[PDB]
Each structure stands twice: as C-alpha cells, then as structure tokens.
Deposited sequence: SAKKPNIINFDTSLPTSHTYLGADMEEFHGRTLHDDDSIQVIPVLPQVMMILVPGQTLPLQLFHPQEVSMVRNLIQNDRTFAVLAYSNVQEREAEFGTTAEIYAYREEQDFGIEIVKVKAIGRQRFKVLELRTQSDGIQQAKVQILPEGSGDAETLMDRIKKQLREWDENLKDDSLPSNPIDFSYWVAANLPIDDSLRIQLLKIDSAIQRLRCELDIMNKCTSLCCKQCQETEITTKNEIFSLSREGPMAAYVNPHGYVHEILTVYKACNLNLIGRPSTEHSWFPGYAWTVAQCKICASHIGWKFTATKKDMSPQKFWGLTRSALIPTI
C-alpha cells in the first residue's frame, strides 16, 4: 500500500496505439429480444463484458475491409465467447461498438487501429461463413440490492486498500471483469440475465479464492488475491494490445514470486506511460508469465508494480 502519483486516466486513453484518432459519440442500443445479424472478428478469442474497453489493431486486407464497411454503417461487431478456443463453437457473447478509429498507411500496408466498448449481451442462434470467409452471426439480444454491493465493496477493500460504479448492472460487470477467476466462471456469470443473482454469485465466488500458478508446469505459486491493486480507472484487470496485434489482459499486482527478470528496462510501447518493462519468466518452465514495471521518475510512489498475463495463469 502506497500513495499514487500516477493518473488513472492516461492508461485508459491507450496513447501507445496513437493519439490523433477520430471519435464517434453516437450510441446505438437495439431493443431486447430483437434478432440481429452481426459480423464477427476473426482473430479475437477473449470474453468481453459490457463496459469493458477493447483496443484493437488489424493488418490483414479482409479485416480492414470489414472495418471500413462498419464505419459507413452502424459501427457494431460481435465478439463471441468460445467454450473451446481452438474450436469455433460458441453459445453466448456481447456486442461491441467502435468509438475511436484511425487509419494509417505504414510502408504501403493499410493499418486500422480501433477502440470499442461492449454494449449488449446476446445468444448465438446461427453462424454462417461468408463468401469472403468472415463469418456473420445471427443473434438475439438478451433482456437484463444495495446491501449486496456493501458486502462486496467491503471485501474488495480488504483485498486492496468511489472508483466502483454505483448502478447495479454496472457494478456487477465491473466485478466480473476484474475478478481473478477462470474463464468458465466468466461465461456462467454472463449467462445470468438478472443483476441480483449475478451479485450474489460473485459474493460466493470471491469468498473462496485460490492462488495463481503458471499454466505450463503448474509448480510455482505466483501471487494471491491480496496482492491485487488497481493502477487504472477500469480496475486491476484491463486489456492492452502489443505492437504485433495480440491483445493482453494484464493483472496488476504489487508483489510476485518465483520469477526471473531477463534483460534491461525499456520504455518502448509502454502500456503505462512513465514506466519501463522487463520480461519475467517462471523459474521452472520459463513460460514468460509477465513484465515487471519500473518507474523512470523518483516522484512516482509506486516505483515497481508487477504486470501478469491472465492467459499464462491457472487458479490452484
């Protein structure tokens, strides 16, 4: 526990992707139980919750063509929740709306970098492969406790030190996205239409929590739920994209064990401006769990905070 000189707003802005992007403030919300056809992203495999922000970067020519049609029409695409990542099988998912767009031609190759926020949950009804091979999905929109928030906010304060939303639906989603749980429980919470049942199940899930180890060798305990802290306005778990185009969901913790640091600190493509990253890997499997962040100025109170990739962790 320490003071924060960092600005929680700067990480959310995603300055690393760029700064001079076009902003759309129009909002589109379809009516409940209505059926809609939405094109899906071909490379994304994450499970997006409403209100979460997704930074994106696309290189392939078929993908820039879909984004250009989307900006002309309603700016809405579908991100599915797959039970098996290798398989394309899905049952549920959430819509995403583009609020930020930027085109760039780097060395003659067209580049799009977009930022989107999830809006409405849905149920997959059918998914056909388009002639260009970019599957479009027919889906159906799904319709959607003060004492309960108290108990959750109380326990959450015990884990780490008005940042949390006040509305019921908004608070349930915040907890679901930032909880250190398995993706199987994420799908289960998404399937829960009402907010009351979702909040009660989140309370039960958080009371019984296990430490995290590496996925490859499963022999080294990395961190616990008590080391979690929120360096961003979105919370402890936020999504950031690397320069090649792969999006990472990074958990920010204050202390971690059983990890060796390889290399020297550098600031290139830093998801948190003002800090330098050093690659960390497991002392047994050497699986490159996350990056350790070291500050560049002595004025920042959090001089060192760990950053772990959710994809390389499995609860014990």
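In sequence order, the deposited residues that have no C-alpha coordinates form the ranges 1-4, 149-152, 170-173, 329.
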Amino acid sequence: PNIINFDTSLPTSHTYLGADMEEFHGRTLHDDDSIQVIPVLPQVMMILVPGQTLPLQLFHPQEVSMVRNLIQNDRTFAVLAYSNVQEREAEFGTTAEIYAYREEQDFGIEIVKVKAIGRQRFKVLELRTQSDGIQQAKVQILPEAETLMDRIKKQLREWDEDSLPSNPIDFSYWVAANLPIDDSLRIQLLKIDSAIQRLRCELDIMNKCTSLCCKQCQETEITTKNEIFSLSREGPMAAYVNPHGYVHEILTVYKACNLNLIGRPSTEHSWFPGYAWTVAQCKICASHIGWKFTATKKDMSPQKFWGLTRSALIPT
From here on, numbers count along this sequence of modelled residues.
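Between two forms, the rigid core is defined as the largest C-alpha subset superposing within 1.5 Å.
With each structure aligned by its rigid core, the stretch whose Cα atoms sit farther from this model in 5 other deposited structures of this protein, between 100-108 and 151-159, is 100-108. Displacement analysis by core superposition in 5 other deposited structures of this protein ranks 281-289 above the other of 46-54 and 281-289 in root-mean-square C-alpha distance from the shown form.
Just going by the entry, 208-216 versus 241-249 on mean CA temperature factor gives the higher value to 208-216. As listed in the deposited structure, the average C-alpha B-factor of 222-230 and of 113-121 is greater for 222-230. Of all the options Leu142, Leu148, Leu179, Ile187, the entry's greatest CA B-factor is assigned to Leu148. In the PDB entry, the Cα temperature factor peaks, among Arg75, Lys154, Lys191, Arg102, at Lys154.
Ranked by Cα temperature factor within the chain, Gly235 sits in the middle third according to the deposited record. Split the chain's modelled residues into thirds by C-alpha temperature factor. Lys138 is in the lowest one. Annotation for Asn69: CA B-factor lies in the highest third of the chain's modelled residues. Per the PDB record, residue ranking by Cα B-factor puts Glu158 in the highest third of the chain.
Sort the modelled residues of the chain by CA B factor and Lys304 lands in the middle third.
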